[PDB]
Amino acid sequence: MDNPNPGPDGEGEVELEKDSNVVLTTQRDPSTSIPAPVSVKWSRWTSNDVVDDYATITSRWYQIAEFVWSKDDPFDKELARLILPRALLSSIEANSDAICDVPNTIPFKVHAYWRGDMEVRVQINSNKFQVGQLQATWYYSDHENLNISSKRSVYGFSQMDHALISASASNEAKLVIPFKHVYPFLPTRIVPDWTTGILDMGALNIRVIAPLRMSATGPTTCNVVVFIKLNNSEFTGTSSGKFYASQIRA
Amino acid sequence: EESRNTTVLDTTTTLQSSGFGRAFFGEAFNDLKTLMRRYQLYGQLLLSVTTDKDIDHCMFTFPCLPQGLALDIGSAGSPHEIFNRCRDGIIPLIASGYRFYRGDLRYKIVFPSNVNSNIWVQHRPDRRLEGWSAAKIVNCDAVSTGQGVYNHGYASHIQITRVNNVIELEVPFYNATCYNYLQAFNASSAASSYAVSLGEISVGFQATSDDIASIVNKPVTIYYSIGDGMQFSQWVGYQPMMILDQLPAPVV
Amino acid sequence: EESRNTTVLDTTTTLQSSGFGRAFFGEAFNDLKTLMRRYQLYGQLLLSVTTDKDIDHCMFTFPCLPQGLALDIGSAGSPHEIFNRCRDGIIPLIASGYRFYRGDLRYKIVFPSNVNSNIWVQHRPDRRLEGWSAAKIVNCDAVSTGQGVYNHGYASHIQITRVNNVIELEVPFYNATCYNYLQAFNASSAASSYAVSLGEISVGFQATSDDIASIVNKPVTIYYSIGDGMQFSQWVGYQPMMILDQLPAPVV
Amino acid sequence: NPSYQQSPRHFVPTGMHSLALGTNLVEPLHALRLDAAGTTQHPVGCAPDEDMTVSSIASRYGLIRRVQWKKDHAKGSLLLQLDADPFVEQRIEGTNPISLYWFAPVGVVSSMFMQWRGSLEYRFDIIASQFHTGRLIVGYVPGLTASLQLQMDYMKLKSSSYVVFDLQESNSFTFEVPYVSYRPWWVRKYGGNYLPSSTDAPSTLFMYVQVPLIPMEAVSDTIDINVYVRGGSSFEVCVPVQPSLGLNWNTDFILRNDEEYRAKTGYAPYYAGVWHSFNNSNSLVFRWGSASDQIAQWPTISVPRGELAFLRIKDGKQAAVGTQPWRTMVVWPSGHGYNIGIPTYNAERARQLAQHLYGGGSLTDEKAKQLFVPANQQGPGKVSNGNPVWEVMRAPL
């Protein structure tokens with residue numbers, strides 16, 4: 001059952017995960033967590049307008065976020081709270097370049113409304129001798145709950161389903177986030193009925209659990225990167241991009 | 001993942017199921033939803049006339065939401081001990097666990113007995129709730145908008161106190177939403193404001209100002225339960241709790 | 001052994017059975033349990049406000065047990081003649097014969113007529129009875145614990161006096177026990193304390209202190225019967241009796 | 001039109017449908033729905049994802065504890081000894097007098113029920129590199145009273161049921177706590193604010209470091225361990241009662257200290273007003289209402305003999321306002337079996353009046369009536385803000 005035979009190639013098998021032209025991989029098995037059953041398409045109920053996914057480009061993975069995780073980080077410490085659909089754009093805006101520049105995100109420049117499920121992978125290269133752990137947790141409509149600040153702690157998120165990332169295994173955390181929201185659609189821009197909280201769905205967040213621990217002379221820190229597929233989507237409400245406006249800086 | 005179980009270490013011999021007390025008490029409890037349908041206190045007040053109210057005027061109003069109204073301890077001068085003491089209550093407590101709901105609500109308001117006056121009750125879905133603040137009972141005053149008065153198109157019903165002083169309402173779900181928010185609602189989207197309360201119930205006596213004085217400072221309890229059709233949705237873990245028996249004594 | 005019969009010495013010719021009066025009165029009586037279901041006085045009191053009670057407050061409380069409350073002759077100043085005279089009553093008298101019971105209780109409380117006020121009634125199984133002392137009605141006062149007030153999760157019901165001034169309750173059996181003690185209960189095990197009363201009923205008016213004065217010194221009778229599901233268990237011989245017609249005259 | 005001569009039915013009215021019931025029971029209502037038979041319907045995209053259910057919740061781990069586990073710990077060393085009850089605690093450092101607490105979902109749902117039974121589960125996650133190695137008991141002692149809660153060691157623990165575990169490769173597992181009690185169910189640990197009738201847990205968990213950790217030099221000596229409570233498959237509750245818990249949404253509370261003084265309940269807001277039985281309404285007196293004899297009633301101050309007292313509000317803003325806000329008052333019996341509150345211009349008029357009344361002087365007396373505030377002063381007749389606290393200005397007489 002064992003008998004390692006490491007080769008020049010290395011040894012272990014590598015999972016693939018192709019989408020469009022983007023392709024990305026891990027050695028480790030993903031720690032998936034799925035908050036909800038897959039969404040129904042819902043265009044039927046609220047759009048005469050031409051409606052279309054752009055899976056050829058929308059489904060490409062893209063790096064919304066990345067960061068160091070030093071051992072210095074205290075136990076219950078968030079590293080990130082990504083409102084998602086916003087941060088896909090907010091990140092690009094953080095790169096200080098237009099939404100149109102990225103193939104993934106152009107339709108938002110045009111379409112008013114949007115719906116669709118999201119996918120989030122959270123890769124990491126923690127060294128094996130490093131020890132710590134991060135939980136990842138999507139939370140719908142987080143903004144709408146004012147008491148969230150209280151809940152926003154590992155004990156809180158732990159109660160709902162959540163991905164885990166041991167520093168030791170350097171495990172990847174896959175994360176399905178099927179669309180759910182009070183309204184079926186998220187506007188890509190200011191809308192006659194609302195403006196504020198544009199293109200929010202709530203936020204993914206990554207409270208630290210176990211802080212990195214190591215021999216004092218060991219590799220002090222660690223790094224994490226997050227990609228986001230945007231699969232079974234649908235766009236609608238054709239409009240000039242001129243109407244579109246930059247995402248709130250957050 | 002949360003629910004994963006890496007490795008069981010059983011020691012237990014099989015324990016007989018009670019079927020949730022079905023075995024003993026002759027009834028199951030596993031179905032939380034049926035428990036949800038038992039009524040709970042929803043609010044409490046003493047009636048307090050301000051303006052010489054016309055018959056049109058609603059005596060008071062409140063948002064109609066499962067989550068429960070923002071808790072009212074009452075004034076330090078006049079604590080409502082039941083919230084001051086018996087914090088919250090069951091239904092909101094379970095509401096804590098979910099981010100969405102869809103369905104109906106029952107209410108069964110209890111009017112003060114001493115008054116005889118006939119009593120009308122509007123439902124106004126039209127009203128948007130706005131911020132978790134003012135998720136509470138409100139005593140309407142001088143008429144300005146049509147808010148302060150009885151209104152036409154809104155569904156409504158009228159109990160006769162002389163016949164009986166307890167109405168038994170049923171509130172339909174009416175939203176242009178998939179389903180409403182369930183935690184305390186800070187608002188954000190202007191649209192989001194519609195996306196919480198089923199609407200806005202309101203109540204008014206038909207008493208003239210000459211008679212209305214009898215009604216002053218009379219208690220009005222309110223109850224509610226989820227009305228069978230109710231459906232909570234997305235799971236959410238609980239926010240931190242406060243232990244009740246840990247609450248301080250009044251002290252001599 | 002007790003029931004052994006060494007040697008019969010019959011003289012009797014066979015006597016016709018009455019079938020327990022079925023032959024005459026058209027009804028059997030052999031089934032003691034059906035007799036048990038006839039209602040009996042369970043308690044009596046005059047309402048007595050102390051603190052300016054808030055609407056939350058239970059007006060009073062009592063343990064709910066088949067055995068009957070510890071008998072209340074009443075004060076020498078104010079005897080409750082029915083217990084002073086008509087000692088005890090049937091149901092407790094039969095309860096004397098058994099060491100255990102399991103089942104339910106009916107009550108059917110009768111409120112004073114003159115008051116109009118709406119009336120709520122909690123059931124609190126949670127409460128443990130403690131000692132045969134205070135197996136009796138109690139007038140709750142200043143709120144301290146949640147004991148003195150209306151409570152959420154507990155099952156409850158509200159009669160409207162204006163509609164009717166007599167509630168008709170049914171108390172479910174809820175104990176984590178096989179079955180409860182039936183004789184007068186001195187307590188011992190702390191756990192043993194839970195093992196007697198079905199719980200603790202409590203009653204509160206919704207009247208405000210301004211109105212509550214009308215309710216003062218109003219009679220409140222209470223009744224009860226075993227509610228069909230009740231089951232006494234182990235036989236026990238009777239403790240010594242006191243003859244009633246032997247009771248002393250008031251004397252001129 | 002035949003006459004219906006036959007006898008009428010003979011019921012008993014009651015004013016209300018049952019509350020506690022909530023099952024196989026049609027429950028008549030005045031629906032505000034327009035349709036007679038309409039009902040809420042769930043669109044296939046709005047379908048109820050969650051079948052709310054006691055078990056459905058109970059079968060969810062919540063983090064409950066975070067043991068640190070250093071290398072240096074002795075083989076005998078304890079790590080924790082939390083009780084074998086759903087109501088495990090996790091205090092937060094709430095600076096509030098009412099500290100908040102995390103709970104496993106199972107504990108929360110348990111809190112709504114008087115009784116519970118069945119096994120629990122504690123997943124243990126030893127967040128550790130494979131190179132770390134160790135071993136630890138996680139035993140379970142049935143029937144510990146708190147006096148016996150101590151005296152413990154891993155070794156006595158071994159006398160009862162226990163499970164050793166070897167941290168090496170797999171770094172996590174799940175212990176399953178047995179349900180063992182004389183009682184088929186088990187009473188709630190706490191209850192509504194009501195300390196008696198709060199029985200403690202049947203039994204207690206323990207976890208000792210059966211073999212001290214032996215980390216490589218290249219990895220940290222400390223190792224975080226996390227403990228996840230969850231309802232076991234056997235787990236179940238029964239009787240529904242007041243939850244022993246409150247939401248953090250409004251962590252506010254009001255002590256009912258009696259030291260502060262204020263108007264009797266149902267008599268606020270009150271306003272300076274007039275009343276024909278009082279000085280023929282020639283002088284102001286607080287009224288909780290406008291209709292005659294809606295005088296605000298006041299609790300009797302306990303003035304020790306040879307003294308006097310007079311009220312003075314602790315907040316002028318909450319004072320009922322006539323021509324002036326009425327921050328000062330003297331409560332005296334109505335003579336109608338209750339204590340009226342009489343507004344005064346100042347603490348002094350109130351004082352002198354107390355010198356009078358506690359001097360045994362009557363309200364009818366000129367000394368009082370001169371101190372009485374004339375009806376003209378009623379002005380706007382503004383009500384007191386709610387039921388404001390009144391400071392008791394005691395003075396010797």
# chains A, B, ... in the order shown; residues from 1 in each chain; ligands from 1
>>> residues_around(residues="region 188-200 of chain D", least_positions_apart="3", cutoff="10 Å", atoms="only C-alpha atoms", output="number ranges by chain")
B: 85-87, 243-249; C: 126-129, 144-148, 151-153, 190-191, 193-194; D: 83-88, 110-116, 144-146, 185, 203, 237, 241-246
>>> write_last_selection(atoms="N, CA and C atoms", output="short mmCIF file (atom, residue, chain, number, x, y, z; two decimals), in the first residue's frame")
data_model
loop_
_atom_site.label_atom_id
_atom_site.label_comp_id
_atom_site.auth_asym_id
_atom_site.auth_seq_id
_atom_site.Cartn_x
_atom_site.Cartn_y
_atom_site.Cartn_z
N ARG B 85 -36.13 40.41 31.72
CA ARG B 85 -35.76 39.21 32.43
C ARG B 85 -35.78 38.04 31.46
N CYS B 86 -36.97 37.66 31.02
CA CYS B 86 -37.11 36.53 30.12
C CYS B 86 -36.68 36.94 28.73
N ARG B 87 -35.38 37.06 28.55
CA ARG B 87 -34.82 37.69 27.37
C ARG B 87 -35.33 37.03 26.10
N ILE B 243 -26.47 34.20 29.03
CA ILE B 243 -27.15 33.27 29.91
C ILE B 243 -28.18 33.98 30.77
N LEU B 244 -29.35 33.38 30.93
CA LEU B 244 -30.43 34.08 31.62
C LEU B 244 -30.40 33.96 33.12
N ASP B 245 -30.12 32.78 33.65
CA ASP B 245 -30.12 32.64 35.09
C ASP B 245 -28.90 33.34 35.66
N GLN B 246 -27.99 33.70 34.77
CA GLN B 246 -26.82 34.46 35.14
C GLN B 246 -27.17 35.93 35.35
N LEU B 247 -28.37 36.32 34.94
CA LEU B 247 -28.79 37.71 35.07
C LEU B 247 -28.87 38.13 36.52
N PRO B 248 -28.48 39.37 36.80
CA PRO B 248 -28.39 39.92 38.15
C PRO B 248 -29.72 39.97 38.88
N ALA B 249 -29.68 39.77 40.19
CA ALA B 249 -30.84 39.91 41.04
C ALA B 249 -31.21 41.37 41.23
N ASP C 126 -40.62 23.02 34.55
CA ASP C 126 -39.24 23.13 34.99
C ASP C 126 -39.11 23.16 36.48
N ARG C 127 -40.09 23.75 37.14
CA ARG C 127 -39.96 23.96 38.56
C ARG C 127 -39.96 22.63 39.28
N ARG C 128 -39.05 22.46 40.23
CA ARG C 128 -39.12 21.28 41.08
C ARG C 128 -39.95 21.64 42.29
N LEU C 129 -40.77 20.71 42.74
CA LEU C 129 -41.39 20.88 44.04
C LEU C 129 -40.33 20.61 45.08
N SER C 144 -37.87 38.97 40.83
CA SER C 144 -36.46 38.82 41.07
C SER C 144 -35.96 37.91 39.99
N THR C 145 -36.33 36.66 40.11
CA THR C 145 -36.08 35.69 39.08
C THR C 145 -37.16 35.80 38.03
N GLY C 146 -37.13 34.90 37.06
CA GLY C 146 -38.14 34.89 36.03
C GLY C 146 -39.36 34.15 36.54
N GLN C 147 -39.25 33.67 37.77
CA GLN C 147 -40.35 32.96 38.39
C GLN C 147 -41.59 33.80 38.54
N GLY C 148 -41.41 35.09 38.79
CA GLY C 148 -42.52 35.94 39.14
C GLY C 148 -43.25 36.50 37.94
N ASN C 151 -43.53 33.83 31.11
CA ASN C 151 -42.30 33.32 30.53
C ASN C 151 -42.53 32.82 29.13
N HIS C 152 -41.49 32.81 28.31
CA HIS C 152 -41.64 32.47 26.91
C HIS C 152 -41.99 31.02 26.64
N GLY C 153 -41.00 30.15 26.73
CA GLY C 153 -41.10 28.84 26.14
C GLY C 153 -42.18 27.96 26.72
N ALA C 190 -32.06 15.28 45.81
CA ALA C 190 -32.34 16.53 45.15
C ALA C 190 -33.11 16.23 43.89
N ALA C 191 -32.79 15.10 43.27
CA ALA C 191 -33.50 14.70 42.08
C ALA C 191 -34.93 14.36 42.42
N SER C 193 -36.91 15.71 44.16
CA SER C 193 -37.75 16.89 44.14
C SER C 193 -38.49 17.07 42.83
N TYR C 194 -37.88 16.66 41.73
CA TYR C 194 -38.56 16.78 40.45
C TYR C 194 -39.61 15.72 40.28
N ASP D 83 -17.78 19.59 31.06
CA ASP D 83 -18.84 18.68 31.46
C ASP D 83 -19.47 17.94 30.30
N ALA D 84 -20.00 16.76 30.58
CA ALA D 84 -20.65 15.97 29.55
C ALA D 84 -22.10 16.40 29.38
N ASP D 85 -22.30 17.66 29.04
CA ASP D 85 -23.64 18.17 28.77
C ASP D 85 -23.61 19.02 27.52
N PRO D 86 -24.75 19.15 26.84
CA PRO D 86 -24.80 20.00 25.66
C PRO D 86 -24.41 21.43 25.99
N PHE D 87 -24.71 21.86 27.20
CA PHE D 87 -24.50 23.24 27.56
C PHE D 87 -23.06 23.54 27.92
N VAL D 88 -22.15 23.23 27.00
CA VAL D 88 -20.76 23.59 27.20
C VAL D 88 -20.63 25.07 26.93
N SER D 110 -30.47 22.94 22.60
CA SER D 110 -30.79 22.23 23.82
C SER D 110 -31.42 23.15 24.84
N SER D 111 -31.04 24.42 24.79
CA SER D 111 -31.45 25.36 25.82
C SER D 111 -32.94 25.59 25.84
N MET D 112 -33.60 25.26 24.75
CA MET D 112 -35.03 25.47 24.68
C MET D 112 -35.81 24.33 25.31
N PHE D 113 -35.10 23.32 25.77
CA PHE D 113 -35.78 22.15 26.29
C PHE D 113 -35.42 21.77 27.69
N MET D 114 -36.44 21.38 28.45
CA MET D 114 -36.21 20.99 29.81
C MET D 114 -35.35 19.75 29.89
N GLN D 115 -35.54 18.84 28.95
CA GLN D 115 -34.90 17.56 29.08
C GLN D 115 -34.20 17.15 27.82
N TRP D 116 -33.19 16.31 27.97
CA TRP D 116 -32.41 15.87 26.84
C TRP D 116 -31.76 14.55 27.18
N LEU D 144 -19.91 12.40 38.36
CA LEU D 144 -19.11 13.23 39.25
C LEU D 144 -19.82 14.42 39.83
N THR D 145 -19.94 14.43 41.15
CA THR D 145 -20.26 15.65 41.85
C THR D 145 -19.03 16.54 41.85
N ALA D 146 -19.24 17.83 42.01
CA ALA D 146 -18.16 18.80 41.91
C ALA D 146 -17.07 18.58 42.96
N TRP D 185 -33.97 10.76 30.76
CA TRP D 185 -33.66 12.01 30.11
C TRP D 185 -32.67 12.73 30.96
N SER D 203 -22.30 13.94 34.17
CA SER D 203 -20.99 13.35 34.11
C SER D 203 -20.01 14.29 33.47
N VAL D 237 -33.92 15.70 22.49
CA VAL D 237 -34.53 16.45 23.57
C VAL D 237 -36.02 16.20 23.56
N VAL D 241 -39.40 24.46 26.89
CA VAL D 241 -39.63 25.43 27.94
C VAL D 241 -38.91 26.72 27.60
N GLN D 242 -38.89 27.67 28.52
CA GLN D 242 -38.21 28.92 28.21
C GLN D 242 -36.74 28.69 27.98
N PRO D 243 -36.23 29.21 26.87
CA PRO D 243 -34.80 29.09 26.63
C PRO D 243 -34.04 29.81 27.72
N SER D 244 -32.89 29.27 28.10
CA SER D 244 -32.11 29.84 29.17
C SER D 244 -31.13 30.85 28.62
N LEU D 245 -31.34 31.25 27.37
CA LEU D 245 -30.38 32.09 26.68
C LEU D 245 -31.01 33.31 26.05
N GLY D 246 -30.19 34.32 25.78
CA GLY D 246 -30.67 35.50 25.10
C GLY D 246 -29.75 35.90 23.96
#
>>> select_by_dssp(residues="region 5-123 of chain A", states="strand (DSSP E)", output="count of residues only")
23
>>> atom_distance(atom1="CA of residue 215 (chain C)", atom2="CA of residue 212 (chain B)")
23.4 Å
>>> closest_atom_pairs(of="chain C", to="chain D", cutoff="8 Å", atoms="only C-alpha atoms", output="tab-separated table")
residue	atom	partner	partner_atom	distance
C:52	CA	D:265	CA	6.6
C:53	CA	D:265	CA	7.8
C:54	CA	D:265	CA	7.1
C:124	CA	D:241	CA	7.5
C:125	CA	D:241	CA	7.9
C:126	CA	D:114	CA	6.4
C:127	CA	D:197	CA	5.8
C:128	CA	D:197	CA	6.0
C:145	CA	D:194	CA	5.0
C:146	CA	D:193	CA	4.8
C:147	CA	D:194	CA	6.3
C:151	CA	D:242	CA	6.4
C:152	CA	D:242	CA	5.1
C:153	CA	D:242	CA	3.6
C:154	CA	D:241	CA	4.4
C:155	CA	D:20	CA	5.0
C:156	CA	D:20	CA	6.0
C:157	CA	D:19	CA	5.8
C:158	CA	D:16	CA	7.0
C:159	CA	D:15	CA	6.0
C:160	CA	D:15	CA	5.2
C:161	CA	D:15	CA	8.0
C:163	CA	D:15	CA	5.3
C:164	CA	D:14	CA	6.1
C:167	CA	D:14	CA	7.9
C:174	CA	D:239	CA	7.2
C:176	CA	D:185	CA	5.2
C:177	CA	D:183	CA	6.7
C:208	CA	D:266	CA	6.1
C:209	CA	D:266	CA	6.3
C:210	CA	D:266	CA	6.3
>>> write_last_selection(atoms="C-alpha atoms", output="PDB file, in the first residue's frame")
ATOM      1  CA  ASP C  52     -47.917  47.263  41.965  1.00  0.00           C
ATOM      2  CA  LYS C  53     -47.827  44.318  39.623  1.00  0.00           C
ATOM      3  CA  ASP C  54     -46.649  44.757  36.084  1.00  0.00           C
ATOM      4  CA  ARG C 124     -43.835  25.477  34.147  1.00  0.00           C
ATOM      5  CA  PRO C 125     -42.740  21.856  34.285  1.00  0.00           C
ATOM      6  CA  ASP C 126     -39.235  23.127  34.986  1.00  0.00           C
ATOM      7  CA  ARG C 127     -39.960  23.962  38.560  1.00  0.00           C
ATOM      8  CA  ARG C 128     -39.118  21.285  41.077  1.00  0.00           C
ATOM      9  CA  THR C 145     -36.078  35.688  39.077  1.00  0.00           C
ATOM     10  CA  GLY C 146     -38.142  34.889  36.029  1.00  0.00           C
ATOM     11  CA  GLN C 147     -40.347  32.958  38.394  1.00  0.00           C
ATOM     12  CA  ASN C 151     -42.302  33.320  30.532  1.00  0.00           C
ATOM     13  CA  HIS C 152     -41.643  32.467  26.912  1.00  0.00           C
ATOM     14  CA  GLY C 153     -41.100  28.836  26.136  1.00  0.00           C
ATOM     15  CA  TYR C 154     -43.510  27.438  28.664  1.00  0.00           C
ATOM     16  CA  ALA C 155     -46.853  26.371  27.250  1.00  0.00           C
ATOM     17  CA  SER C 156     -49.609  28.786  28.149  1.00  0.00           C
ATOM     18  CA  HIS C 157     -53.172  29.825  27.479  1.00  0.00           C
ATOM     19  CA  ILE C 158     -55.270  32.941  27.873  1.00  0.00           C
ATOM     20  CA  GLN C 159     -58.907  33.094  28.818  1.00  0.00           C
ATOM     21  CA  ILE C 160     -60.893  36.239  28.119  1.00  0.00           C
ATOM     22  CA  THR C 161     -62.953  36.972  31.167  1.00  0.00           C
ATOM     23  CA  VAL C 163     -66.038  36.195  26.969  1.00  0.00           C
ATOM     24  CA  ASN C 164     -65.941  33.781  29.830  1.00  0.00           C
ATOM     25  CA  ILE C 167     -60.585  28.373  31.783  1.00  0.00           C
ATOM     26  CA  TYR C 174     -43.710  15.562  31.732  1.00  0.00           C
ATOM     27  CA  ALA C 176     -37.831  12.143  33.261  1.00  0.00           C
ATOM     28  CA  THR C 177     -39.109   9.538  35.664  1.00  0.00           C
ATOM     29  CA  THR C 208     -52.460  47.365  35.212  1.00  0.00           C
ATOM     30  CA  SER C 209     -52.028  48.431  38.812  1.00  0.00           C
ATOM     31  CA  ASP C 210     -54.614  51.174  38.429  1.00  0.00           C
TER      32      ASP C 210
END
>>> residues_around(residues="residue 46 (chain C)", least_positions_apart="2", cutoff="10 Å", atoms="only C-alpha atoms", output="list in words")
residues 44, 48, 49, 112, 215, 216, 217, 218, 219, 220 and 221 of chain C
>>> atom_distance(atom1="CA of residue 336 (chain D)", atom2="CA of residue 257 (chain D)")
28.2 Å
>>> residues_around(residues="residue 63 (chain C)", least_positions_apart="4", cutoff="10 Å", atoms="only C-alpha atoms", output="ChimeraX atom specification")
/C:68-69,123-125,127-130,134-138,196-202
>>> interface_residues(of="chain D", to="chain A", cutoff="7 Å", atoms="only C-alpha atoms", output="ChimeraX atom specification")
/D:45,60-63,102,105,127-129,217-220,224,249
>>> interface_residues(of="chain B", to="chain C", cutoff="6 Å", atoms="only C-alpha atoms", output="PyMOL selection string")
chain B and resi 82+89+113+249-250
>>> write_last_selection(atoms="N, CA, C and O atoms", output="PDB file, in the first residue's frame")
ATOM      1  N   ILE B  82     -40.543  41.097  31.356  1.00  0.00           N
ATOM      2  CA  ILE B  82     -40.470  39.884  30.578  1.00  0.00           C
ATOM      3  C   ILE B  82     -39.347  39.952  29.556  1.00  0.00           C
ATOM      4  O   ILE B  82     -38.752  38.945  29.243  1.00  0.00           O
ATOM      5  N   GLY B  89     -36.890  35.196  23.329  1.00  0.00           N
ATOM      6  CA  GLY B  89     -37.918  34.182  23.295  1.00  0.00           C
ATOM      7  C   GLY B  89     -37.539  33.171  22.243  1.00  0.00           C
ATOM      8  O   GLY B  89     -36.546  33.351  21.548  1.00  0.00           O
ATOM      9  N   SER B 113     -59.778  44.457  28.118  1.00  0.00           N
ATOM     10  CA  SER B 113     -61.154  44.013  28.238  1.00  0.00           C
ATOM     11  C   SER B 113     -62.135  45.129  28.531  1.00  0.00           C
ATOM     12  O   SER B 113     -63.266  45.117  28.056  1.00  0.00           O
ATOM     13  N   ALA B 249     -29.678  39.770  40.185  1.00  0.00           N
ATOM     14  CA  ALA B 249     -30.844  39.905  41.045  1.00  0.00           C
ATOM     15  C   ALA B 249     -31.211  41.372  41.229  1.00  0.00           C
ATOM     16  O   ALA B 249     -30.346  42.235  41.158  1.00  0.00           O
ATOM     17  N   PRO B 250     -32.495  41.657  41.483  1.00  0.00           N
ATOM     18  CA  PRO B 250     -32.972  43.024  41.700  1.00  0.00           C
ATOM     19  C   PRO B 250     -32.278  43.705  42.867  1.00  0.00           C
ATOM     20  O   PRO B 250     -32.148  44.927  42.859  1.00  0.00           O
TER      21      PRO B 250
END
>>> residues_around(residues="residue 233 (chain B)", least_positions_apart="5", cutoff="10 Å", atoms="only C-alpha atoms", output="PyMOL selection string")
(chain A and resi 36) or (chain B and resi 95+97-102+179-182) or (chain D and resi 46-52)
>>> write_last_selection(atoms="C-alpha atoms", output="compact mmCIF listing (two decimals), in the first residue's frame")
# COMPACT_ATOMS: atom_id res chain seq x y z
CA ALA A 36 -26.35 25.55 -0.87
CA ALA B 95 -34.54 32.78 13.65
CA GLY B 97 -29.88 30.40 12.86
CA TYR B 98 -30.99 31.37 9.39
CA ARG B 99 -30.40 34.11 6.90
CA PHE B 100 -33.69 33.88 5.07
CA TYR B 101 -37.32 33.07 5.47
CA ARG B 102 -40.42 32.81 3.37
CA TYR B 179 -37.20 35.52 0.42
CA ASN B 180 -36.52 38.04 3.12
CA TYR B 181 -33.61 38.71 5.43
CA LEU B 182 -33.80 37.05 8.78
CA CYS D 46 -37.07 29.79 -3.85
CA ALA D 47 -37.37 26.27 -2.54
CA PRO D 48 -36.71 25.71 1.17
CA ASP D 49 -33.13 24.49 1.21
CA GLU D 50 -33.31 23.65 4.87
CA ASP D 51 -35.54 21.17 6.61
CA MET D 52 -35.45 22.75 10.03
>>> closest_residue(among="A:172, A:142, A:117, A:53", to="residue 27 (chain A)", atoms="only C-alpha atoms")
A:172
>>> select_by_dssp(residues="region 228-381 of chain D", states="helix (DSSP H, G or I)", output="ChimeraX atom specification")
/D:248-250,279-281,347-357,366-371,375-378
>>> residues_around(residues="residue 94 (chain B)", least_positions_apart="4", cutoff="9 Å", atoms="only C-alpha atoms", output="VMD selection string")
(chain B and resid 36 67 90 98 238) or (chain D and resid 109)
>>> write_last_selection(atoms="N, CA, C and O atoms", output="compact mmCIF listing (two decimals), in the first residue's frame")
# COMPACT_ATOMS: atom_id res chain seq x y z
N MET B 36 -42.39 25.78 16.35
CA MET B 36 -42.34 27.16 15.96
C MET B 36 -43.75 27.73 15.95
O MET B 36 -43.95 28.92 16.12
N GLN B 67 -38.55 37.83 12.86
CA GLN B 67 -37.31 37.91 13.60
C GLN B 67 -37.60 38.33 15.02
O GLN B 67 -36.83 38.08 15.93
N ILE B 90 -38.32 32.11 22.11
CA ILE B 90 -37.92 31.00 21.26
C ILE B 90 -37.82 31.31 19.79
O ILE B 90 -36.78 31.09 19.18
N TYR B 98 -30.78 31.36 10.82
CA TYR B 98 -30.99 31.37 9.39
C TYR B 98 -30.94 32.76 8.81
O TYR B 98 -31.17 33.74 9.49
N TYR B 238 -25.03 30.58 15.21
CA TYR B 238 -25.53 31.54 16.18
C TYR B 238 -24.54 32.61 16.56
O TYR B 238 -23.34 32.37 16.65
N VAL D 109 -29.74 24.85 20.87
CA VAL D 109 -31.01 24.22 20.62
C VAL D 109 -31.44 23.45 21.85
O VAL D 109 -32.62 23.35 22.15
>>> closest_residue(among="A:235, A:45, A:108, A:244", to="chain B", atoms="only C-alpha atoms")
A:45
>>> residues_around(residues="residue 113 (chain A)", least_positions_apart="6", cutoff="12 Å", atoms="only C-alpha atoms", output="tab-separated table (two decimals) with C-alpha atoms, in the first residue's frame")
chain	number	residue	atom	x	y	z
A	43	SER	CA	-34.11	34.48	-16.15
A	46	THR	CA	-37.58	38.79	-14.86
A	47	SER	CA	-36.07	39.57	-18.23
A	49	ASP	CA	-34.05	41.30	-22.55
A	50	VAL	CA	-31.42	39.24	-24.28
A	51	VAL	CA	-29.77	37.16	-21.60
A	52	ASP	CA	-26.48	35.39	-21.86
A	53	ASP	CA	-23.63	33.85	-19.97
A	107	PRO	CA	-19.72	42.10	-19.50
A	183	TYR	CA	-33.65	39.37	-5.02
A	184	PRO	CA	-32.79	37.00	-7.87
A	185	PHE	CA	-30.47	39.55	-9.48
A	186	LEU	CA	-27.47	41.65	-8.68
A	187	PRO	CA	-27.08	44.94	-10.55
A	188	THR	CA	-23.66	45.74	-11.95
A	189	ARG	CA	-24.20	49.44	-11.38
A	190	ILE	CA	-26.42	52.01	-9.76
A	191	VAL	CA	-30.06	51.15	-10.27
A	198	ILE	CA	-23.98	47.43	-5.28
A	199	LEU	CA	-23.15	43.95	-6.52
A	233	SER	CA	-23.98	32.87	-14.74
A	234	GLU	CA	-26.34	35.01	-16.71
A	235	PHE	CA	-26.10	38.62	-17.73
A	236	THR	CA	-28.80	41.00	-18.75
A	237	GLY	CA	-29.86	44.60	-19.01
A	238	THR	CA	-27.72	45.82	-21.85
A	239	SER	CA	-26.35	49.29	-21.28
A	244	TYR	CA	-21.13	51.87	-15.28
